[PDB]
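K.L.:
Compute the structure for the input listed below.
(chains A and B)
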Amino acid sequence: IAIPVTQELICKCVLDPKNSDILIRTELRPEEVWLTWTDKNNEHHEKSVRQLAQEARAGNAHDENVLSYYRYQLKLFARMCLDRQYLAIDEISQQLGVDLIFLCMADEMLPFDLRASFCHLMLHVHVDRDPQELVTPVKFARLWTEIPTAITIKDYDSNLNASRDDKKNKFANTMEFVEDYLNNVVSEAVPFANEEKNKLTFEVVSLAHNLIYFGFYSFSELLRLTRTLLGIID
Amino acid sequence: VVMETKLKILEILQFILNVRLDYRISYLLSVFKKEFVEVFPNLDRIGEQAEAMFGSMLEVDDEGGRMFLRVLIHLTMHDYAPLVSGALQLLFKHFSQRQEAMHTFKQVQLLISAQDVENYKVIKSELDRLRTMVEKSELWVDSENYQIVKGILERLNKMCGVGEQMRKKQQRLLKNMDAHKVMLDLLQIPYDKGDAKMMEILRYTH
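P.N.:
Numbers count the residues shown, from 1 in each chain, chains lettered A, B, ... in the order given. Right below this line is the structure:
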């Protein structure tokens, strides 16, 4: 459970501009994501995540250390923003965009651990803002005019779609990626075999659960995802 | 990590089963409305329609429910306590669909009168505004927001109204909108002693 006091102090201290050197900066350039950092001395390194992962797989020490620092920093950012401590998610959202995190997470060449960290940040930064709220599934109150003469599944989600105020959902592509990932993992003969992949699977499952509880999904999509979830379970 | 995701999947399934109940309630109300409008611009037909759904597109799995019980039993056989508790709860709820559906259907309000429509609209608007302000309580706990909240609370207090039958109907309606959750959340708002406006709004909430 988040501790507001110490969280606020760390928010005001680590994000303070004087301490910006320790924080690695990721930027999307014409697109590809590039990481910029500074060594212990006064030299600045600018590279890209793809080559970093390739060299880490090869066995280069510096690449592995930099990648480890980046994932742990991402974990620290995700932990900082827990419980809607807005003073931080404002800065994090400005620094890290939805599209940038989507690009980093969706691509497969990156290590599973980094993808899991990105998923955690995505869930605890952008999904957990407050243009949303928990949606009660069953609503006792119903209007005599709203009740249609004939109701089907599509007609049922039509009213929910109309109620939604977001003409273009900002997380729709995230839902698509979640669906593809779950389809791939269920398609695999052994859904839970690789230890590293388990972290990413748990992360995407948590992201999906929080997305569903906010009313993003539709009844037909809910049923399809339910079938896939039952498949992965057994 | 492998067990927590299973528990989360169980939670997803538990929530997704409620929207099925909502759809069933909507279908029952639609059948009612069709029957009522047709007869007055029958009981056996609507009874047959209501019985048909309960036991097939709404099925959780394509296997007819066997898969759902299979995973529930397998999870129940595991050692994790929360996972087994969730599996047992789902198993029991799976074989009591009709009882829960009828029990929830009995507690349904139609809001046919125009007056009821106006109360619904105004209450929903005020609840949304108050919830939005409460979610950002930390900003204004220690102004325009204070007077806005006070006005909303006073408007709701006047909205309560008078009349035994009107009182009961309005109380049921407010319970349907779940306004008591907003009230309780506002009561638990962080407070600093010595703020007259905060005490005034707290008194209005009480």
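K.L.:
Tally up the residues packed near residue 42, please.
P.N.:
Here I'm looking at chain A. Neighbour count for residue A:42, taken as other C-beta atoms under 10 Å in any protein chain shown: 7. The way it works is simple: take the backbone N, C-alpha and C, and place the C-beta from them, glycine included.
K.L.:
wrong one, chain B
P.N.:
Counted with other C-beta under 10 Å, residues neighbouring residue B:42 total 9.
K.L.:
wait, doesn't it sit right on residue B:35?
P.N.:
Yes - taking contacts as C-beta atoms under 8 Å, residue B:42 lies within contact range of residue B:35: 5.4 Å.
K.L.:
Could you pull out the helices in chain A for me?
P.N.:
Assigned by DSSP state H, the helices in chain A fall at A:4-14, A:49-58, A:61-80, A:86-95, A:98-106, A:112-122, A:153-163, A:172-187, A:195-213, A:219-233.
K.L.:
So which elements touch the shortest one?
P.N.:
For helix A:98-106, the elements it packs on are strand A:25-29, strand A:32-38, helix A:112-122, helix A:172-187, judged by 3 or more C-beta pairs under 8 Å, 6 or more residues apart in numbering or on different chains; DSSP states H and E.
K.L.:
what about the residue in chain B that chain A sits nearest to, how many residues close to it?
P.N.:
Closest residue of chain B to chain A, C-beta to the nearest C-beta: residue B:18 (3.4 Å). Residue B:18: 14 surrounding residues under other C-beta under 10 Å.
K.L.:
What's the separation between the residue nearest to it when sequence neighbours are not counted and residue A:101?
P.N.:
The shortest distance from residue B:18 to any non-neighbouring residue, by C-beta to C-beta, 6 or more residues apart in numbering or on different chains, is to residue A:137 (3.4 Å). Per C-beta to C-beta, to the nearest Å, residue A:137 is found 29 Å from residue A:101.
K.L.:
For the single nearest residue of chain A relative to chain B, give me the backbone phi and psi.
P.N.:
Nearest to chain B in chain A, going by C-beta to the nearest C-beta, is residue A:137, at a distance of 3.4 Å. Backbone geometry at residue A:137, expressed as degrees, to the nearest 10, gives phi -60, psi -50.
K.L.:
That one contacts residue B:23, doesn't it?
P.N.:
No - judged on C-beta under 8 Å, residue A:137 makes no contact with residue B:23 at a distance of 9.7 Å.
K.L.:
Between the two, which is the more surrounded one?
P.N.:
Ranked by neighbour count (other C-beta under 10 Å), residue A:137 and residue B:23 place residue B:23 first, with 20 against 15.
K.L.:
how about the more buried one, what does it touch?
P.N.:
Residues in contact with residue B:23, defined by C-beta atoms under 8 Å, 6 or more residues apart in numbering or on different chains, are A:153, A:156, A:219, B:58.
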